[PDB]
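Trainee: Please read through the structure below; I'll follow up with questions.
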Amino acid sequence: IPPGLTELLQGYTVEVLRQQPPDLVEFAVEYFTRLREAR
Amino acid sequence: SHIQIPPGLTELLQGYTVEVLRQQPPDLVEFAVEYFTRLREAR
Amino acid sequence: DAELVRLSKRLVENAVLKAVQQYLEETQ
């Protein structure tokens, strides 16, 4: 089991709960893109 | 105090999670962008 | 590969379960 997996999956889901996006797949691209660029 | 998540979410992540385990990518966050991009692009 | 699909199912189930718990305990 890769380190950082559970945290990752949870973070996404929490943002889906906060923002209620219409397209989950496309919101995923954006959420994970923001995560990679956030450093 | 009850909420819920849309349908598709858990299966969406299951699919991502499955491929992570199979391929064992070095960078999980960028693998996600790639994995999910394909989904978006597949139509 | 069958055990891989079952494992991923749990991890997700766990992550979502905690994501719900977090959002409820974050709003109130």
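Residues in the structure tokens are numbered from 1 in each chain, the chains being A, B, ... in the order shown, and ligands are numbered from 1 in the order shown.
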Counting only C-alpha atoms, a student should be able to say which residues of chain A come within 10 Å of chain C; what is the right answer, written as a CSV table (one decimal) with C-alpha atoms, in the first residue's frame?
Mentor:
chain,number,residue,atom,x,y,z
A,1,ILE,CA,0.0,0.0,0.0
A,5,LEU,CA,-2.9,7.0,-0.7
A,6,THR,CA,-5.6,7.1,2.0
A,7,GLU,CA,-4.9,10.8,2.7
A,8,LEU,CA,-5.2,11.6,-1.0
A,9,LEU,CA,-8.5,9.7,-1.5
A,10,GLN,CA,-10.0,11.4,1.6
A,11,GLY,CA,-8.9,14.9,0.6
A,12,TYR,CA,-10.6,14.6,-2.8
A,13,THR,CA,-13.8,13.3,-1.3
A,14,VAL,CA,-13.9,16.1,1.3
A,15,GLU,CA,-13.5,18.7,-1.4
A,16,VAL,CA,-16.3,17.0,-3.4
A,17,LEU,CA,-18.4,17.4,-0.2
A,18,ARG,CA,-17.5,21.1,0.3
Trainee: Residues of chain A within 7 Å of chain B: nearest atom pair and distance (Å, one decimal) for each, counting only C-alpha atoms, sorted by chain and number, as CSV?
Mentor:
residue,atom,partner,partner_atom,distance
A:17,CA,B:5,CA,6.7
A:25,CA,B:40,CA,6.2
A:26,CA,B:40,CA,6.2
A:28,CA,B:36,CA,6.5
A:29,CA,B:33,CA,5.1
A:32,CA,B:33,CA,5.8
A:33,CA,B:33,CA,6.0
A:36,CA,B:29,CA,6.1
Trainee: Looking only at helix (DSSP H, G or I) from DSSP on the backbone, list the matching residues of chain A as a PyMOL selection string.
Mentor: chain A and resi 5-19+24-37
Trainee: How far is it from atom CA of residue 3 of chain A to atom CA of residue 27 of chain A, in Å with one decimal?
Mentor: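 Here the two named atoms are 23.0 Å from each other.
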Trainee: Report, in Å with one decimal, the straight-line distance from atom CA of residue 4 of chain A to atom CA of residue 2 of chain B.
Mentor: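 We find that atom CA of residue 4 of chain A and atom CA of residue 2 of chain B lie 27.6 Å from each other.
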